[PDB]
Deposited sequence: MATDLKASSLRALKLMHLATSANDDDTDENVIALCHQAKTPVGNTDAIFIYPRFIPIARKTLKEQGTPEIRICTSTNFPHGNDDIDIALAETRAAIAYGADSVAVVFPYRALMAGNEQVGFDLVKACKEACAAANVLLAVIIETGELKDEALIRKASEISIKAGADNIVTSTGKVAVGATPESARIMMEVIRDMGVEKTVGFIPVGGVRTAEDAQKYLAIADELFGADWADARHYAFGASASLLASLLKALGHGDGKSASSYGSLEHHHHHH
């Protein structure tokens, strides 16, 4: 009931992903409706959104959200491409669009493109009541200084959520990137409008418990509700969570 309590609460914070074909999206939606309850969302490729929305409706769980990704996984610095992709994500049906920050451009000293890209995508999401999450790719940024700066620029440009990772490079979330990023939320005073999402690095019920207690110590135990905290993860975190719940 410390581990059982936080396992329940983490499972309900999950953004469940594959690991995409039509038959796998389907099984995913089924995977997300568990016997102790539902993850908050699934996370899939935009093309698969209509089919997932249906599967989720048919199975009694319309309230499970559908999150998706754009400029992904590379985080190139073409704004037009990142924006048109975002516009289509929205048109497909997405509740949230996770856009990859142009982190290579920041590493080469250009902060402005990150700012304008995030902001271009936010205006379109906002217009459509879709959340805009920003993946900064901590495992490629690597330096605390760059993790901090990507995070701030994303927030200055209107990110509703900041996310460690794509899940497509070697290093996802670490306790340290996650802390650095949440510290930026705290340091800008934006806890009310910006949530956080580790991707990678949470594999066990005990991991999730650790990551949530970092948010709880920084902001109090009430902060990490589903709007402000998600575990971007896959079937195996979910099975560990469920294992610790019996």
Tell me which segments of the deposited chain sequence are not represented by C-alpha atoms in this structure. 1-2, 22-25, 253-272
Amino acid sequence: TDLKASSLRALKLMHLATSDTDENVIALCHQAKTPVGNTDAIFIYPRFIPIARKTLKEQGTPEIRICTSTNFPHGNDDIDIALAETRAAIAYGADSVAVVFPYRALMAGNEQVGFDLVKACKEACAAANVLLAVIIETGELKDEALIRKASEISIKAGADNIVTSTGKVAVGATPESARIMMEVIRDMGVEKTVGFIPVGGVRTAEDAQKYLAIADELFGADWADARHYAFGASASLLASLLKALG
From here on, numbers count along this sequence of modelled residues.
Averaging only over Cα atoms, indicate whether 21-29 or 225-233 has the higher B-factor in the PDB entry. 21-29
Is the mean CA B factor in the deposited entry higher across 174-182 or across 203-211? 203-211
Looking at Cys121, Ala127, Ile147, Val100, which has the biggest Cα B factor in the entry? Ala127
By the record's CA B-factor, is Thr34 among the lowest, middle or highest third of residues in the chain? middle
For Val169, the third of its chain by CA B-factor is the highest
Would you check the entry's CA temperature factor for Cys67 and let me know if it's in the chain's lowest, middle or highest third? lowest
Test of reading the entry: by CA B factor among the chain's modelled residues, which third contains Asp143? highest
Going by what the PDB entry lists, where does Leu56 fall on CA B-factor within its chain: lowest, middle or highest third? highest
